[PDB]
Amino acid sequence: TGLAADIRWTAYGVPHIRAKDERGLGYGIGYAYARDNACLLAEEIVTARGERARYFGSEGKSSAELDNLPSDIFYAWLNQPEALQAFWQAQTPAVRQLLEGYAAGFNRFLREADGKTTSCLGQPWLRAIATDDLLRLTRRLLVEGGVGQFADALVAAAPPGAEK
């Protein structure tokens, strides 16, 4: 109920965010990160939503060098609505507020961006984000120590036919 942040940038564009609560703090983080890396985050959210083949077709790859379609299959499987919902409901109020603030702050920069520090201005995949998108990234990060390393292997797993 009121997002506000105070941001200072020192040399090299390092942001110092001050706020009275987690929502405000997240707001400043999402705004400042977007100023530097909106296109990066937009791209990786597309990946984590399992939508690479939708925007870019089957011949391309993610920034992890997985083919777009197997990558999409894996992250669609990983980030199903039920899994995201249970993950959210297990978050503390403070963390929910951090995340709600981040999304709002990222989206504020997008609304105002005129391309000064954003090269992908106008791209259909550069769009407002939601807290679910941040959960998708978090879960994607979580499984890098596990099933994420086997993403191709998961997609390839099909039962045998009539072979001898």
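Numbers for residues come from their place in the sequence shown, where the first is 1.
Two stretches are in play, 23-31 and 53-61, and the higher mean C-alpha B-factor belongs to 53-61.
Highest C-alpha temperature factor among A42, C120, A103, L135, as the PDB entry reports it: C120.
Per-chain ranking of the deposited C-alpha B factor places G146 in the middle third. In this PDB entry, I7 carries a Cα temperature factor that places it within the middle third of its chain's modelled residues. Split the chain's modelled residues into thirds by C-alpha temperature factor. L98 is in the highest one. Among the modelled residues of its chain, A38 has a C-alpha B-factor that falls in the lowest third according to the deposited record. Sort the modelled residues of the chain by CA B factor and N79 lands in the lowest third.
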